[PDB]
Trainee: 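Starting off with a structure, shown below.
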Amino acid sequence: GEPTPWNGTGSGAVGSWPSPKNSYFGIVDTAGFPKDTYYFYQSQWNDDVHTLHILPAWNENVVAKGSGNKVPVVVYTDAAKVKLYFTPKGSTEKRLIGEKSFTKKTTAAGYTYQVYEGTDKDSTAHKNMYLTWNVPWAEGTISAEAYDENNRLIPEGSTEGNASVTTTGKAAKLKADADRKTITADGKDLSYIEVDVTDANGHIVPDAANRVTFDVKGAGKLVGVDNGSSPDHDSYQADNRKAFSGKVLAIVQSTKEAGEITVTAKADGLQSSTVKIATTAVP
Amino acid sequence: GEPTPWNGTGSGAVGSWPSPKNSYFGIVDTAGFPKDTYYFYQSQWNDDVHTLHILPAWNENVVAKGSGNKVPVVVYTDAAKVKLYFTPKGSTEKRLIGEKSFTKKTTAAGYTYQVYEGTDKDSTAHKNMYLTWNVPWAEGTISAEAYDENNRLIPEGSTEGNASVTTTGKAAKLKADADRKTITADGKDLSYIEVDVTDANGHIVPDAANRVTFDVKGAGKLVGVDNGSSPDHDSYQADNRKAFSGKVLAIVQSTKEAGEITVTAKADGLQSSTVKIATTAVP
Amino acid sequence: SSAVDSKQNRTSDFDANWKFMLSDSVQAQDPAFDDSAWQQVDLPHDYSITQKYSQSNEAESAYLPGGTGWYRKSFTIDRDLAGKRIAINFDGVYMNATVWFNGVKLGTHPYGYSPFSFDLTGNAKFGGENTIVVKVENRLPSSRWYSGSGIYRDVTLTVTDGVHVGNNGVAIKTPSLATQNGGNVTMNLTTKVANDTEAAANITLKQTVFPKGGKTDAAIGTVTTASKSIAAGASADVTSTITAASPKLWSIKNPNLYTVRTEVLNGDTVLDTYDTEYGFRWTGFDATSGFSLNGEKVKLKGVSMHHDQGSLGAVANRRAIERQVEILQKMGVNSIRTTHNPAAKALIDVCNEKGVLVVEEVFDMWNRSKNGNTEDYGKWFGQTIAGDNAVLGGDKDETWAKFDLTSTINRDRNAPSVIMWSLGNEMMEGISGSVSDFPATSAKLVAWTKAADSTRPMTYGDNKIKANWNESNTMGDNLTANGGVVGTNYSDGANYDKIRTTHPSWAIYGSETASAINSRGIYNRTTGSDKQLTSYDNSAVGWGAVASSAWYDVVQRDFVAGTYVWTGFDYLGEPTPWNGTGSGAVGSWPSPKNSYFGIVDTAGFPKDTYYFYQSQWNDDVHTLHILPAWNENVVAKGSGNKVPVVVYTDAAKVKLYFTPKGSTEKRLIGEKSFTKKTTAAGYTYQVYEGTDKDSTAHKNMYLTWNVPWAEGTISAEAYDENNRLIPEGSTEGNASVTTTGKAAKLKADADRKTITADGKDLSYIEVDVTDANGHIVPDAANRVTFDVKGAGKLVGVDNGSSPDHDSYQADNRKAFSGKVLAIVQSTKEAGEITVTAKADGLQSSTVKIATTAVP
Ligand SMILES: [Mg+2]
Ligand SMILES: [Mg+2]
Ligand SMILES: [Mg+2]
Ligand SMILES: [Mg+2]
Ligand SMILES: [Mg+2]
Ligand code: NA
Ligand code: NA
Ligand code: NI
């Protein structure tokens with residue numbers, strides 16, 4: 001519901017049919033897939049992990065080109081300092097695009113946060129809670145390094161979010177993954193299966209909308225499929241749904257019989273992916 | 001002309017304008033400033049001098065980082081043996097990075113040449129006419145020592161090329177120098193004035209592109225300015241030109257009356273540099 | 001702005017993104033009005049300068065039309081400014097402005113030259129779209145010179161807390177500075193504090209004096225006032241005293257400036273921070289020995305300057321204005337009279353920073369219109385201000401004259417450059433009817449000025465003093481009785497003497513002098529055919545005098561404090577001797593449309609008399625300048641084909657030489673030495689007293705030789721009192737003239753090759769037409785075309801020639817007397833500008849301008 005800016009408080013569809021059916025307000029979409037702003041909140045709010053997230057995805061048909069074919073590149077991080085790099089397509093060597101350092105602020109009650117106060121900061125103060133570069137487009141990889149106040153690198157295994165985006169190939173393969181590979185045989189417990197659409201090299205293709213079909217067999221039932229797309233009026237109870245922005249989800253529920261669950265995700269012209277969920281009994 | 005690989009055989013410009021308009025084929029650029037490969041050829045060809053040359057320049061925003069943030073360092077030399085060192089910024093203590101020795105080869109006719117045959121040699125043979133090391137980036141100085149076949153050091157005063165590279169500071173001053181300080185007052189003869197854009201300590205800033213302006217006074221006149229940069233369309237007859245890769249040049253011509261030429265190089269924000277050229281009558 | 005929010009500076013630039021329409025029928029004050037087809041413009045803007053010349057207009061005002069113009073700006077005010085106060089400030093609008101905000105009429109303002117303001121707070125939509133509208137009505141004829149039309153000066157927004165210092169709300173006095181100089185100096189301040197909140201405030205002020213630019217760590221005095229309760233909705237004048245520890249004086253050679261900062265505290269917290277610029281200095285005028293600055297006798301070496309900027313029209317661009325002052329300073333000028341109306345704040349700023357003394361004039365006519373200009377300020381001066389007219393800036397309880405005078409004084413009361421208030425010019429000239437009311441009107445203005453600002457003498461420039469009118473005698477005594485200074489327009493030596501005899505108590509000066517009329521680069525006659533005038537100093541209007549004469553008469557007299565020569569720069573309009581005060585063209589069309597009065601033409605290119613003044617006035621350089629240019633087709637041949645050769649110089653002795661075409665040997669033509677004179681007060685000047693001296697005494701302030709024509713070079717050598725050569729590197733002016741070839745080459749040079757990328761800064765590009773060997777061809781008129789590429793654009797082209805009617809916005813113009821000018825303006829992005837000047841058959845010339853990002 002409430003699909004503002006396509007909302008309507010009486011009867012009748014808004015814009016052409018199918019009309020937006022769910023909200024755009026969420027940091028996370030209906031399927032549980034994070035939107036990019038998710039990592040802004042994470043850089044600001046979570047003291048237990050580090051954050052280094054880059055937008056946009058780096059394909060020519062999804063980016064925006066401003067003055068001088070410059071693409072606005074945005075980085076969400078909690079780190080003290082960020083170095084931004086570019087790697088040409090088919091290359092193994094990156095070059096330094098830019099480098100920016102945050103300034104630490106402290107309130108009277110001790111709360112602390114970070115704002116960018118460099119010379120090319122934004123004239124709108126709140127936009128400096130994150131970092132922005134204007135980068136000319138070119139096929140390849142935009143990557144980032146994060147540093148603490150002692151100029152010590154913050155390694156990738158300690159950081160959440162996309163520390164690199166790259167020019168992908170055409171859709172090649174599905175990649176499925178269960179969030180929990182063992183669930184209770186109580187007829188209630190669920191397993192959430194994230195399916196990604198990637199090129200030959202496992203890179204998520206950012207605008208992929210391939211129709212994915214789910215085949216579930218074993219000790220469980222498909223109980224939902226989702227992609228979080230507001231205008232998508234396809235049945236939640238179908239066994240197939242278009243991916244949206246590269247991702248689609250299936251939800252499977254156990255039975256009251258211990259066993260295993262086999263789920264295969266298929267799409268036309270694409271290499272298929274399979275997962276297996278075991279269900280354990282109750283004493 | 002022939003600005004391959006931006007060459008065009010018919011009418012119209014290639015790539016965005018201003019388009020490349022001189023060649024890239026040259027070992028030495030149009031202004032007579034050598035490119036790096038010059039010292040490779042010197043190491044192969046000139047038996048009257050010794051060569052010890054290192055690339056790249058060692059600033060973070062000009063180097064290429066491969067795996068592990070390792071920068072490919074290349075040494076061109078005619079020496080039998082090279083020791084490669086590193087000196088951290090702020091230290092006066094250098095450490096040994098590596099050491100490599102050439103093998104002499106002799107043809108039927110008796111011509112000799114050197115190739116590297118170490119166990120870490122390149123899989124492509126011809127690349128072993130020089131030396132490569134992969135070195136992690138860090139602020140400071142990379143330097144090299146050369147030894148002959150008897151393990152006796154080859155002193156700097158008998159060697160050409162950059163035998164060290166160091167991380168520079170920001171651009172601070174110009175350094176001007178005339179190849180011939182006394183020329184003939186015949187209205188034909190020339191003095192070539194190279195200007196370098198350096199930091200406070202005299203190191204050439206590798207990506208300096210400061211616009212340099214020349215004031216010529218006395219018994220001569222400015223007839224050319226150059227930086228060897230292909231897409232630079234600035235008039236060669238102007239009294240100013242951007243430096244390119246830290247360098248720019250003025251050509252001055254004498255008059256038919258004997259006197260003194262004074263040439264001052266200036267740039268916004270930087271210390272100026274002045275040279276005096278004597279011109280002497282035809283006997 | 002496109003959006004207003006925190007935190008722009010307290011006062012912020014509001015010049016950008018307006019829309020404009022010229023129509024006397026449109027009604028466009030509603031915010032919902034469709035202005036999609038209107039021009040987009042950045043201010044300052046002049047909409048007369050873009051319209052065509054027409055014989056149906058008046059020669060007086062450059063034959064250019066005025067008209068009704070509308071300006072609209074739509075902008076957002078963010079929610080974060082919700083409880084703040086917002087005002088819009090106009091430094092000038094010419095004329096008859098009407099202002100609406102979001103559809104509500106705020107008020108009006110007649111005078112085209114005084115600053116005013118409007119509070120926007122009560123009608124603002126916070127967190128929404130807003131529309132400010134300004135209707136402008138320059139209904140002709142409203143001026144004796146080219147006025148221009150529209151919002152020709154900067155516009156700012158002021159955003160403050162509910163508790164704040166009033167508009168122009170700090171006054172500073174240092175009444176014992178002369179005595180306290182070098183020690184502790186008493187500053188007496190008065191600060192208007194307004195409480196526009198709904199609760200009483202406990203107010204203290206924290207006031208600090210520190211070097212401009214400039215941090216508070218380096219203050220030389222501070223004070224904190226005792227707590228004063230100011231009631232909700234009320235305001236109060238808060239007196240305070242600062243003891244300044246040995247402040248550095250503001251002088252012509254070292255114009256030290258301080259910032260005086262006022263922080264307003266309520267309870268314990270700062271709510272408002274108000275800065276005003278200040279300089280420490282004092283003056284004196286004495287009946288017998290004239291003017292002094294900081295206790296040292298100084299001669300007022302002044303020019304009168306009208307407001308326009310040549311090819312830019314009326315637009316008060318800060319660099320254009322700064323460039324004028326620079327060119328004038330090079331001449332030895334130390335003072336400017338703002339004839340005949342308040343200056344742009346930008347000029348005041350420039351003179352504060354450069355060390356130029358300003359006599360700021362407020363009015364031309366009083367309550368009687370001049371020259372048939374039925375819509376001039378004469379119609380408004382004595383009208384009242386409607387009670388619902390919310391306009392702000394000055395006192396509103398009497399007439400417009402009081403409003404505009406106090407509005408002007410309020411803005412500039414702390415500016416060290418301003419030394420006097422001038423209350424009128426030739427008030428009784430060119431009007432109709434009795435003048436019996438003029439003494440009372442004058443006394444009234446004098447009383448208002450005294451009450452507005454006790455720290456400066458008031459004055460005017462009066463042209464009936466030389467005619468001995470009773471009204472003038474009475475008006476003069478009234479100035480004097482109130483510590484004012486009497487300015488006489490166009491008195492000669494004998495009249496200066498008459499005034500001094502007849503009125504022993506008056507301190508006097510030449511408030512308007514000379515009115516010499518010359519073109520640039522004209523030599524084929526030496527006295528006053530082709531709509532041009534000689535460049536020799538032998539051409540003046542009937543009521544005026546040539547430059548050497550008006551100076552000779554002032555320099556000998558210690559009781560004549562100084563001179564304000566009419567004018568420093570040529571200006572648009574009043575093209576005397578082709579002037580006309582009604583409708584219709586004078587002489588054949590195209591008729592001369594700008595002045596011949598200026599020492600420097602509209603393009604900023606000096607005429608020859610520039611170097612005479614420099615030889616007289618600038619003690620920081622030496623001068624050696626020869627006229628005429630030495631081509632057969634430009635010189636004048638008298639008896640025996642002898643050409644009058646003139647040398648202007650401050651040297652003690654000059655040797656004059658000739659070099660034949662193709663030779664390297666020069667022969668001596670003549671040799672002349674000056675004589676040093678000294679007045680009672682200690683001023684010195686030079687006159688020639690050789691036995692072949694001119695019979696007219698003032699012409700002996702310079703040197704003349706009668707030289708037979710012949711191709712080649714005339715050159716001069718300068719020597720000091722000890723017979724030591726004065727070398728060329730220390731000397732300005734043409735120390736040689738030579739016979740040139742035909743035009744072959746253009747030669748361009750930019751005055752500043754690096755400028756600020758703020759969409760405002762300018763670079764001035766002089767292009768000379770020269771022969772193969774680089775000599776400027778003196779009569780060259782080749783059409784030059786400019787091609788500007790990169791981060792900037794051409795905003796003007798000029799050659800200073802009065803009969804040239806070509807558009808100033810064209811990309812091309814004929815040179816005149818060998819020179820042409822192009823003006824280029826930066827954008828808001830740093831980059832480089834490439835300008836190529838071209839002419840058919842000539843070698844082209846290119847300059848390169850860098851633009852640097854705002855810090
Ligand atoms: Mg409803
Ligand atoms: Mg061809
Ligand atoms: Mg060798
Ligand atoms: Mg001007
Ligand atoms: Mg002098
Ligand atoms: Na964190
Ligand atoms: Na004159
Ligand atoms: Ni008139």
Side-chain angles (χ1 to χ4, degrees), chain A residues 38-53 75-80 82 102 111-114 129-130 146-149 154 158-161, chain C residues 56-66 138-147 299 301 329-334 364-365 368-379 429-432 555 573-576 579-586 610-625 647-652 654 674 684-686 701-702 718-721 726 730-733 735:
Chain A
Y38 180 97
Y39 297 99
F40 170 77
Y41 279 105
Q42 197 189 68
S43 66
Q44 304 297 304
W45 286 359
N46 196 337
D47 296 313
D48 277 350
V49 299
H50 292 304
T51 300
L52 184 56
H53 180 70
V75 174
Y76 301 141
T77 189
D78 59 331
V82 175
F102 280 108
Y111 293 108
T112 64
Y113 57 95
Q114 295 203 139
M129 302 208 85
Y130 53 86
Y147 292 83
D148 63 26
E149 78 162 354
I154 305 175
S158 295
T159 325
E160 309 265 1
Chain C
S56 295
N57 298 318
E58 302 192 344
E60 254 194 332
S61 44
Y63 299 112
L64 284 180
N138 185 10
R139 187 179 177 94
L140 267 47
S142 64
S143 183
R144 294 200 292 112
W145 57 86
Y146 173 85
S147 71
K299 199 71 175 191
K301 298 179 261 185
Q329 276 182 132
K330 178 96 69 180
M331 204 200 316
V333 173
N334 67 11
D364 178 36
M365 73 298 295
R368 301 289 261 257
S369 294
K370 297 181 176 186
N371 293 13
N373 296 333
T374 57
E375 297 290 329
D376 70 15
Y377 185 66
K379 169 190 171 194
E429 176 69 26
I431 69 171
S432 80
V555 76
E574 199 170 11
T576 315
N579 197 19
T581 59
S583 211
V586 180
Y610 181 86
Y611 292 100
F612 170 73
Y613 280 103
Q614 198 193 65
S615 79
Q616 297 310 291
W617 287 356
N618 197 332
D619 295 313
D620 289 330
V621 304
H622 302 303
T623 304
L624 181 66
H625 180 71
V647 173
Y648 301 136
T649 189
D650 69 326
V654 175
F674 282 103
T684 59
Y685 59 96
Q686 284 203 150
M701 298 211 82
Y702 53 86
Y719 294 83
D720 64 34
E721 266 190 3
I726 305 174
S730 285
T731 314
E732 287 208 357

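In what follows, chains carry the letters A, B, and so on, assigned in the order in which the sequence lines appear, proteins first and then strands, with residues in each chain numbered from 1. Just so you know, ligand 1 is whichever comes first in the structure, and atom 1 is the first atom listed for that ligand.
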Trainee: Answer yes or no for C:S143: is there an N/O/S atom below the 2.8 Å cut-off from the Ni ion (ligand 8)?
Mentor: no
Trainee: Keeping waters out of it, list the protein N, O or S atoms under 3.0 Å from the Na ion (ligand 6).
Mentor: A:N46 O, A:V49 O, A:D78 OD2
Trainee: Check whether any N, O or S atom of C:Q614, backbone or side chain, sits closer than 2.8 Å to the Mg ion (ligand 5).
Mentor: no
Trainee: Any chance OH of A:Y38 has more than 12 other-residue heavy atoms, nucleotides or ligands included, within less than 6.0 Å?
Mentor: no
Trainee: If the cut-off is 2.8 Å, does any N/O/S atom of C:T581 fall short of it from the Ni ion (ligand 8)?
Mentor: yes
Trainee: Decide side-chain contact (heavy atoms from CB on, under 4.5 Å) for A:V49 and A:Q42; before the verdict, give the C-alpha distance in whole Å, the side-chain angles of both, and the deciding distance to 0.1 Å.
Mentor: CA-CA 8 Å; A:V49 299; A:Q42 197 189 68; 3.9 Å; yes
Trainee: Would you find a donor on one side and an acceptor on the other, under 3.5 Å apart, between the side chain of A:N46 and the backbone of A:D48?
Mentor: yes
Trainee: Is the C:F612 to C:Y648 ring centre distance short of 6.0 Å?
Mentor: yes
Trainee: For the Mg ion (ligand 5), give me the closest N/O/S atom belonging to C:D650, just the atom name.
Mentor: OD2
Trainee: Report the atom name of the nearest N/O/S atom of C:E60 relative to the Ni ion (ligand 8).
Mentor: OE1
Trainee: Any N/O/S of C:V621 under 2.8 Å from the Mg ion (ligand 5)?
Mentor: yes
Trainee: Side chains of C:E429 and C:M365: closer than 4.5 Å at any heavy-atom pair?
Mentor: no
Trainee: Under 4.0 Å between a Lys/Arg side-chain N and an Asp/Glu carboxylate O for C:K370 and C:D376?
Mentor: no
Trainee: Tell me, which N, O or S atom in C:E58 is closest to the Ni ion (ligand 8)?
Mentor: OE1
Trainee: Carefully, step by step, assess A:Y130 and A:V75 under the rule side-chain contact (heavy atoms from CB on, under 4.5 Å).
Mentor: CA-CA 6 Å; A:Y130 53 86; A:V75 174; over 6 Å; no
Trainee: Taking C-beta and beyond as the side chain, do C:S369 and C:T374 meet within less than 4.5 Å on heavy atoms?
Mentor: no
Trainee: Give the minimum heavy-atom separation between C:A652 and C:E721, together with the two atoms involved.
Mentor: CB-N, 3.6 Å
